[PDB]
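K.L.:
okay, here's the opening piece of the assembly, coordinates as they are in the complex:
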Amino acid sequence: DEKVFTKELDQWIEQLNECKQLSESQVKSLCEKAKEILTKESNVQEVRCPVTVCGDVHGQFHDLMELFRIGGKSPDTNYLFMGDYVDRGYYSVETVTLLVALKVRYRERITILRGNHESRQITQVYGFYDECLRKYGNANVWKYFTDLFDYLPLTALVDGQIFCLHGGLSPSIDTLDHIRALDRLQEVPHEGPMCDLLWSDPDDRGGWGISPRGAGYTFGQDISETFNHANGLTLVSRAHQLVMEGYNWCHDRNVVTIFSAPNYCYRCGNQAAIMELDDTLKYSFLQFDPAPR
Amino acid sequence: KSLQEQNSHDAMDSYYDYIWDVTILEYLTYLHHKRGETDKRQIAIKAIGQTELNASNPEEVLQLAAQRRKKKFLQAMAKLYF
């Protein structure tokens, strides 16, 4: 039963390692199982170090394969990918399938956050829906993956010090208790604390300000400092803004912007970075440029 | 004229909680920033930022808040002496 299913899942893992998407029935059975495996994790799904934090992916399968080459194979090096891994990529379906497959195979060797782009509305008008219709013909898999995207956690806490979340802080939210009390079984609303968490970002301003993205806000140095004092956090890690060094510090070593999708849209040519924390919370950094194709 | 001098002896910081008038706190923030005392400038900013008092409420809450802060201050003040 469980044993034979585990071996069957192994075949799916190795196949996805070969860029070969699963059958529609297999996708259905995967999503069904993943619902029961994600239902048990609260908003701040605490994860113990060591860890390897990975920034934005945007479903670039070659890049993800090189990222595995760099950091290590999933069963060995624990990972904490942060969102936006379904859009603006010609292999988004394969990427998301691989991520969810790894999550279901290993409950705690990996953990995936929910980015702004994992919702019903955004995917329809940013490719993923089109990709699914082209590949599988119909939209059954689409209505499976979009349904799954709601059950993802919202933020991760590493040894009570590092706070990893895709977007950033929000004027409504102030404490981890509020995040824990937030309800996630809801397509990201267009305005609200949940909305902003997936569209926030840093800036050298101070105070607050309407984000040019049209959703969420933009926080300042003092806001991040005050929030860190409020809850004893020592560093927040987000990945929503494309960068060049791959990892950039802001707010005087308070928020780290990570981005692990090199050469965004195949044309930016930006490098990509990955952060890794050893057992003694000894951060490091690795950089890379996409593998030859 | 009293806040101006530097010879305070009354735990100058801890008492900022009880003060409940926006204007005096504005004066305090200006004074601290000018004299270069950020560790208290931030406390003053927080006290102002507290939502309980905004100088625009229907005053039903403002009077209650002022009464409560008066009670707390006079209670502590009575504890101190005797």
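P.N.:
Nice, thanks for sending it over. Numbering: from 1, shown residues only, chains lettered A, B, ... in the order given.
K.L.:
how about the nearest residue to residue A:246, chain neighbours excluded?
P.N.:
Leaving aside its chain neighbours, residue A:246 sits nearest to residue A:273 (2.4 Å; criterion: C-beta to C-beta, 6 or more residues apart in numbering or on different chains). For every residue, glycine as well, the C-beta is placed using N, CA and C.
K.L.:
and that neighbour, how many neighbours?
P.N.:
Neighbours of residue A:273 under the rule other C-beta atoms under 10 Å in any protein chain shown: 25.
K.L.:
go on, residue B:46?
P.N.:
Under the neighbour criterion other C-beta under 10 Å, residue B:46 is assigned a count of 12.
K.L.:
what's the answer for residue A:278, then?
P.N.:
By the criterion of other C-beta under 10 Å, residue A:278 has 12 neighbours.
K.L.:
Could you do the one 4 residues further on as well?
P.N.:
Taking other C-beta under 10 Å as the criterion, the count of residues near residue A:282 is 10.
K.L.:
try residue A:71
P.N.:
With other C-beta under 10 Å as criterion, residue A:71 counts 20.
K.L.:
How about residue A:107?
P.N.:
Other residues near residue A:107 number 12, with proximity taken as other C-beta under 10 Å.
K.L.:
Likewise for residue A:48?
P.N.:
Neighbour count for residue A:48, taken as other C-beta under 10 Å: 11.
K.L.:
Excluding chain neighbours, what is closest to it?
P.N.:
Using C-beta to C-beta, 6+ apart and skipping residues adjacent in sequence, the residue nearest residue A:48 is residue A:159, 6.6 Å away.
K.L.:
Thought residue A:49 was touching that neighbour, still the case?
P.N.:
Yes - here residue A:159 reaches residue A:49: they are 5.0 Å apart, a contact under C-beta atoms under 8 Å.
K.L.:
show me where chain B has helices.
P.N.:
All helices of chain B, identified by DSSP state H, fall at B:22-35, B:38-49, B:60-80.
K.L.:
sorry, back to before: please state the backbone phi and psi of the residue nearest to residue A:48?
P.N.:
Note on residue A:159: backbone dihedrals following degrees, to the nearest 10 are phi 30, psi 50.
K.L.:
Show me the helices in the stretch 1-150 of chain A, by range?
P.N.:
Under the criterion DSSP state H, counting those that start in this stretch, the stretch 1-150 of chain A contains helices at A:2-16, A:24-38, A:61-71, A:92-105, A:120-125, A:128-136, A:140-148.
K.L.:
add chain C to what we have:
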Amino acid sequence: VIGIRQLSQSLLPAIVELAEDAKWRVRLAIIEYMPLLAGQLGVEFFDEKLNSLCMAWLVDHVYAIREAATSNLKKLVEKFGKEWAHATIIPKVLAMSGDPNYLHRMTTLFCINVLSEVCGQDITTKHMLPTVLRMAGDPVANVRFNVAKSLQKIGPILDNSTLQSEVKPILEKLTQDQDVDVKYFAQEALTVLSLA
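P.N.:
Chain C added:
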């Protein structure tokens, strides 16, 4: 097209500088081709300078390097004799299992998984085993189950006596712990080796 020695001598001046450079793809290319140079230039010269480069590669940041370097070290031991490895490589790689970081303690496990293939059985039993077995209690779950993964591969190379004597207690202990994943690997290796 060009014999080993000619181009090996031609490239020898630039190998060390090339042996460490920005890109990792070129480092991988070199580490893949080094054993030919080792065979061509003999034990002495390699121990003179190349051994240091190999050992430095054994702790490279990236993971592809580490793995390729361990694979290449597999070639080197069989090219240069078991006693040579027991003399030079074993004391250092096996000593690399104590740093606070867990990445290098995983590298040691991979290296043991690879070398135990070529290094006979007595040397593995009196050098590799004791350390691998003593590592079973490491607080890190990752290494905790990857030790079982290594035992699975290394079990066929022991003698039934050593296995049933010392390996079985460690493997059954692994099943006792609370981490589901390491428990599953422990069961898998136990059934693969048919120790119980």
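K.L.:
Once more for the neighbour count of residue A:278, now including chain C?
P.N.:
19.
K.L.:
Let me see the contact set for it.
P.N.:
Going by C-beta atoms under 8 Å, 6 or more residues apart in numbering or on different chains, residue A:278 touches A:49-50, A:284, C:100-103.
K.L.:
For residue C:23, see how far away the residue of the stretch 1-150 of chain A found nearest chain C is.
P.N.:
Minimum separation of the stretch 1-150 of chain A from chain C (C-beta to the nearest C-beta) falls at residue A:72, amounting to 4.3 Å. Distance of residue A:72 to residue C:23, computed by C-beta to C-beta, to the nearest Å: 19 Å.
K.L.:
higher neighbour count, the two?
P.N.:
Neighbours were counted for residue A:72 and for residue C:23 using other C-beta under 10 Å; residue A:72 has more, 22 against 10.
K.L.:
For that one, give me its contacts.
P.N.:
Taking C-beta under 8 Å, 6+ apart as the criterion, residue A:72 is in contact with A:52, C:63.
K.L.:
Residues of chain C that sit close to chain A?
P.N.:
By C-beta under 8 Å from any C-beta of the partner chain, the part of chain C that sits against chain A consists of C:24, C:61-64, C:100-103, C:106, C:139-140, C:142, C:146, C:180-181, C:184.
K.L.:
Show me which helix runs longest in chain C.
P.N.:
Max-length helix for chain C by DSSP H is helix C:24-45.
K.L.:
contact partners of it?
P.N.:
For helix C:24-45, the surrounding residues in contact (C-beta under 8 Å, 6+ apart) are A:70, A:288, C:4-5, C:8, C:12, C:15, C:18-21, C:46, C:50, C:53-54, C:57, C:60, C:62, C:64-65, C:68-69, C:72, C:75-76, C:79-80, C:84.
K.L.:
moving C-terminal of that helix, what's the next helix or strand?
P.N.:
Later in the chain than helix C:24-45, the nearest helix or strand by DSSP states H and E is helix C:51-57.
K.L.:
who does that following helix touch, helix- and strand-wise?
P.N.:
For helix C:51-57, the elements it packs on are helix C:4-19, helix C:24-45, helix C:63-80, judged by 3 or more C-beta pairs under 8 Å, 6 or more residues apart in numbering or on different chains; DSSP states H and E.
K.L.:
Counting neighbours, which bits of the longest one end up buried?
P.N.:
Across helix C:24-45, burial judged by 16 or more other C-beta atoms under 10 Å in any protein chain shown covers C:24, C:27-28, C:30-31, C:34-35, C:37-41, C:43.
K.L.:
can you add chain D next? sequence is:
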Amino acid sequence: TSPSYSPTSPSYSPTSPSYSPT
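P.N.:
Chain D, in position alongside the others:
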């Protein structure tokens, strides 16, 4: 002043040395 001559002693009659901000 005179690091080796001691402060209480008969007197004989006849490149960043500071903190960066300071």
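K.L.:
Please reconsider the neighbour count of residue A:273 now that chain D is part of the model.
P.N.:
Neighbour count for residue A:273, taken as other C-beta under 10 Å: 25.
K.L.:
do the same with residue C:136
P.N.:
Close neighbours of residue C:136, defined as other C-beta under 10 Å, add up to 20.
K.L.:
Run through the residues that contact the nearest residue to it once chain neighbours are set aside.
P.N.:
Using C-beta to C-beta, 6+ apart and skipping the chain neighbours, the partner closest in space to residue C:136 is residue C:170 (4.8 Å). Taking C-beta under 8 Å, 6+ apart, we find residue C:170 in contact with C:133, C:136, C:151.
K.L.:
circling back: and the direction of the longest helix of chain C versus that of helix C:4-19, what angle?
P.N.:
Angle, helix C:24-45 to helix C:4-19, by axes from the mean of the first three to the mean of the last three C-alpha atoms, to 10 degrees: 120 degrees.
K.L.:
Spell out the secondary structure type for the spatially most central residue of chain C.
P.N.:
Closest to where the C-alpha atoms of chain C average out (C-alpha atoms, centre = their mean) is residue C:111, at 0.8 Å. Three-state call for residue C:111 (DSSP: H, G, I helix; E, B strand; the rest coil): helix.
K.L.:
Mind checking which of the contacts of residue C:170 are in helices?
P.N.:
C:133, C:151.
K.L.:
any idea which of the contacts of residue C:170 is the one closest to chain A?
P.N.:
Distance to chain A across those (C-beta to the nearest C-beta) is lowest for residue C:151, with 15.8 Å.
K.L.:
Find the nearest non-adjacent residue to residue A:115, please.
P.N.:
Spatially, and ignoring its direct neighbours in sequence, residue A:115 is nearest to residue A:83 (2.3 Å; C-beta to C-beta, 6+ apart).
K.L.:
distance of whichever residue of the stretch 151-293 of chain A sits closest to chain C from residue C:28?
P.N.:
In the stretch 151-293 of chain A, the residue that lies nearest chain C is residue A:278 (4.6 Å; C-beta to the nearest C-beta). Using C-beta to C-beta, residue A:278 is found at 24 Å from residue C:28.
K.L.:
for residue B:75, same thing?
P.N.:
Separation of residue B:75 from residue C:28 (C-beta to C-beta) stands at 73 Å.
K.L.:
What of residue C:144?
P.N.:
Here residue C:144 is placed at a distance of 29 Å from residue C:28 (C-beta to C-beta).
K.L.:
what's the burial count for residue 16?
P.N.:
In the absence of a named chain, chain A is used. 20.
K.L.:
meant chain D actually
P.N.:
Around residue D:16 there are 5 residues (other C-beta under 10 Å).
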